[PDB]
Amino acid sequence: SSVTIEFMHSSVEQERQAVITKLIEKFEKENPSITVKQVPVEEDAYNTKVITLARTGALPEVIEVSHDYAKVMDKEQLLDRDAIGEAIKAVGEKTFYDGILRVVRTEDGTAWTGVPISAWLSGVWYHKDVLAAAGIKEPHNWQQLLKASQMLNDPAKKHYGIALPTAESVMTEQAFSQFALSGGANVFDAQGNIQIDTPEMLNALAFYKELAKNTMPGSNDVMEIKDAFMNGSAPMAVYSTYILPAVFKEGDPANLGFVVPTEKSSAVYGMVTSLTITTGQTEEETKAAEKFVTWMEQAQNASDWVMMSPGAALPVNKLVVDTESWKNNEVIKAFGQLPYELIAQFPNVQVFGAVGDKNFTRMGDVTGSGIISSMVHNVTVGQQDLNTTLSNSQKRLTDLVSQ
């Protein structure tokens, strides 16, 4: 037959639009019955475009979504869970690495919010030569990580042991999360209730405060973290995997190391990018949406999507590492075993709101308020009282979603 469907994505850069354009041409050649239209919309405009086209019923059939925004559309019942589950069933539930399907799970835990295609990770990076010269082995817990930051802290030379995020932004909530989660604390419990005033969270908030005693003074934003790790003022830094292209361009790839904040468990933060399928479409469009999403999970197709950001974007599909576009990539080859060590950390992906097989959509309102990040900002930058800040934050949190 014939049907035209739309693929909405966040690639406004002309370099990545050409990769997607080449992918659509290949898919259309192998499926002359289907036509795929590009809808490139930047990430700052993504939300306002989606809710507009949804109100008018003009939602694109396939949409690239992060796992946090996929919960927003699923909360509004804009996602076809049946078509998404059918696509994952076709690709194979075990074609994805361990720990990737769990984060994109729905609140009731019955289905998924999208078919994952990539993910970037965040953790504590370090210069191997600095730690190896000082006799500091790779930390295996909080205490060893905090000690290493204390030996490497030298405010007399404007040198700091670790670059730790402290600004009122989503990154600080991200950085604090892998310490809160490694300590066994989540914003939500198994029943979906918000509860952050707990001994496990207070312990992680106290350690983040202690680790913040070895960072740059003031409010540290994403740019200050990157510059501090790049210029040598901080041998350790909490950053996303996007530090890999920066190190490949202006640094030393063989000098980059990675440690996972560990205490009660091992916690690495990750944002999973998925190809979701929307509701309100004809049966011909839905089956064509399943076909394109499944076709995108093939070896060369998923690798072509992941390699639009070499090093930073990591393959959640197990078929990519065997593809030639990945194995001979200069950025991948430069970092040696680090991209695979990062891939091996997928089972340790822990994010706020994901409690077991359930990721609660209510975390979107928590992150959108900045309450967690402002709490860390007040405890570290403001030196405000630990317990009153935690309890007050829990009060606004309950006040937010009980209103």
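Numbers for residues come from their place in the sequence shown, where the first is 1.
K.L.:
Using only the Cα atoms and their B-factors as the entry lists them, report which of 190 to 198 and 71 to 79 averages higher.
P.N.:
Between 71 to 79 and 190 to 198, it is 190 to 198 that shows the higher mean C-alpha B-factor.
K.L.:
Mean Cα B factor from the PDB record: higher for 265 to 273, or higher for 313 to 321?
P.N.:
Comparing 265 to 273 with 313 to 321, the higher average CA B-factor belongs to 313 to 321.
K.L.:
Can you tell me which of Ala289, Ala133, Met296, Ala185 has the highest Cα temperature factor in the record?
P.N.:
In the PDB entry, the greatest C-alpha B-factor among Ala289, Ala133, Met296, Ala185 is found at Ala133.
K.L.:
Check the PDB entry and point out which of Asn359, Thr367, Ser33, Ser374 has the largest C-alpha temperature factor.
P.N.:
By C-alpha B-factor in the record, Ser33 ranks first.
K.L.:
Where does the C-alpha B-factor of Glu250 rank in its chain, lowest, middle or highest third?
P.N.:
Top third by C-alpha B-factor.
K.L.:
Taking the values exactly as deposited, rank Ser393 by C-alpha B-factor within its chain and report the matching third: lowest, middle or highest.
P.N.:
Within its chain, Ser393 is a middle-third residue by C-alpha B-factor, going by the deposited values.
K.L.:
Where does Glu173 sit by CA temperature factor within its chain: lowest, middle or highest third?
P.N.:
Within its chain, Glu173 is a lowest-third residue by C-alpha B-factor, going by the deposited values.
K.L.:
Just say lowest, middle or highest third for the CA B-factor of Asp108 relative to the other modelled residues in its chain.
P.N.:
Its C-alpha B-factor belongs to the lowest third of this chain's values.
K.L.:
Which third, lowest, middle or highest, does the CA B-factor of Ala212 fall in along this chain?
P.N.:
CA B-factor rank for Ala212: lowest third.
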